[PDB]
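Colleague: Once you've seen the sequence and the experimental structure below, I've got questions.
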Amino acid sequence: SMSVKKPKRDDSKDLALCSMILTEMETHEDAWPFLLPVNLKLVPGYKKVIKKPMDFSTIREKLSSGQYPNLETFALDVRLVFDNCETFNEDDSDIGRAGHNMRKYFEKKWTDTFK
């Protein structure tokens, strides 16, 4: 509350650490469905169904340009990528499986780096 603060958690390395995590996601062999925005002209249904499209290149641009106010807003966009994937893709599909794998990979890196 006013003039009553919890001790200051050091957040000065968060930008660099989110960038490293993002690099590792970008270079994972199952990242291919997620590298670029889904082409809204060429994928029937996507525009109407997926209210907030998100992909690694769009996260990279937002990260690079100061559009994440903190590390939690960064994690929300990464998880949005996988939540979108689950909404549109069957679990038993290459893309569906890719999304499960990447979410697992992300969450471990996130915990090991920050928790």
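Modeller: Perfect, I can see it now. Numbering: from 1, shown residues only.
Colleague: drop to CA atoms for contacts and neighbour counts, all remaining ones
Modeller: Noted.
Colleague: Excluding sequence neighbours, find me the nearest residue to residue 86.
Modeller: Sequence neighbours aside, residue 96 is the residue nearest to residue 86 in space, at 6.4 Å (criterion: CA to CA, 6 or more residues apart in numbering).
Colleague: cool, and residue 21?
Modeller: Counting by CA to CA, 6+ apart, the residue nearest residue 21 is residue 109, at 6.8 Å.
Colleague: Now that neighbour: which helix or strand?
Modeller: Element membership of residue 109 [criterion: DSSP states H and E] is helix 94-114.
Colleague: Give the full set of residues in contact with the residue nearest the centre of the chain.
Modeller: Residue closest to the average C-alpha location in the chain (CA atoms, centre = their mean): residue 78, at 1.2 Å. The contact partners of residue 78, taken as CA atoms under 8 Å, 6 or more residues apart in numbering, are 54, 55, 56, 59.
Colleague: Turn these into CSV, including neighbour count and secondary structure.
Modeller: Converted to CSV, the contacts of residue 78 look like this (neighbours: other CA atoms under 10 Å; DSSP: H, G, I helix; E, B strand; the rest coil):
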residue, neighbour count, secondary structure
54, 23, coil
55, 20, coil
56, 22, helix
59, 21, helix
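Colleague: before we move on, the earlier item: so how far is residue 103 from the residue nearest to residue 21?
Modeller: To residue 103, residue 109 is 10 Å away according to CA to CA, to the nearest Å.
Colleague: In terms of helices and strands, where is residue 68?
Modeller: Assigned by DSSP H and E, residue 68 belongs to no helix or strand.
Colleague: What's the local residue count around it?
Modeller: Number of residues near residue 68 (other CA atoms under 10 Å) recorded here: 16.
Colleague: same question, the one 5 residues further on
Modeller: The local packing of residue 73 (other CA under 10 Å) involves 11 other residues.
Colleague: helix/strand/coil for it?
Modeller: Judged by DSSP: H, G, I helix; E, B strand; the rest coil, the three-state class of residue 73 is helix.
Colleague: how close does it get to residue 39?
Modeller: Per CA to CA, residue 73 is found 24 Å from residue 39.
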